[PDB]
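Shown here is one chain on its own, the form deposited in one PDB entry, set out as structure tokens.
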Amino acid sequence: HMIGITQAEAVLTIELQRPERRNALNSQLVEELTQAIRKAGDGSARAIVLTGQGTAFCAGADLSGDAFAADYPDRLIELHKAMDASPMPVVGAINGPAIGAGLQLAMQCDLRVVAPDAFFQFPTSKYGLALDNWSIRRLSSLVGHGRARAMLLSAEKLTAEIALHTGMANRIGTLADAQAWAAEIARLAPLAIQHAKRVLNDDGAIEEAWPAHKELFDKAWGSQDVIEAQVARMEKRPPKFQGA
């Protein structure tokens, strides 16, 4: 009910379909993507393309209304496991902005074809929040350590031009471009692709948070600044953080 699924030749295209919220994730959306990724190759498909409907790829996470929001973080982890564990290459057609949870998602794709007006952002420094280590490690691997510092420490937007520069984007193109490419890849030797993907993903980025990292994480998440940042956002005013 919240995603689209079409197959052409050997390419499964999975389309996020919640444009009314710029494809922000929730319990139901996340759980359907998961079933969809798991059930691909069932199936003569040999490559997956992932994309958003409308103007965004995925603008983050919106749990308003969501009855199982408590379950969301767990379902989200399952979704990333499901992708990571997939023997099928996932080609992200990043049709528009990919922010926060959406950025994580885009980064969990195996390759990325980015629309010219797309951008990537972790606005965590604006919301007093904190990321898991993987998000940071993978981000670093894709934009270089230096830019990752700017992105995490100052909510810097990574434009499409620069994503291509750093390697975040493999290509600047459209959904069609990404489907063409996915079809080439569908004709390649699956086991070779299975191997490379497993090793690539095992580059270290999947890291358990050090003891001090969990501290700072929890401290950030339980802070009053977290509440201040939301009220500010809602009021369309600058936030006045207290560092607590």
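Position 1 is the first residue in the sequence shown; the rest follow in order. The term rigid core refers to the most C-alpha atoms you can superpose between the two forms while keeping them within 1.5 Å.
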Thinking of the other compared PDB entries, is residue 184 one of those residues unmodelled in at least a third of them? no
Other entries omitting residue 217, at least a third: no
Going by the entry, of stretches 183-191 and 61-69 the one with greater average Cα B-factor is 61-69
Per the PDB entry, mean CA B-factor is higher for 23-31 or 198-206, namely for 23-31
Select one of 134, 127, 122, 119: the residue whose C-alpha shows the highest B-factor in the crystal structure entry. 127
How does residue 76 rank on Cα B-factor within its chain, lowest, middle or highest third? middle
Among all modelled residues of this chain, ranked by Cα B factor, put residue 36 in the bottom, middle or top third, i.e. lowest, middle or highest. highest
Should residue 163 be placed in the lowest, middle or highest third of its chain by the C-alpha B factor in the entry? lowest
Please place residue 82 in the lowest, middle or highest third of its chain by C-alpha B factor as given in the entry. middle
Third assignment of residue 88 from its chain's C-alpha B-factors: highest
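The form deposited in another entry is left out here; the points below concern that form.
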Displaced residue between the shown form and the other one, judged on C-alpha after the rigid core is fitted, out of 69, 36, 206, 175 (threshold 2 Å or more): 69
Between the shown chain and the other structure, the Cα gap of residue 67 to residue 24 differs by 3 Å or more. Is it closer or farther in that other deposited form? closer
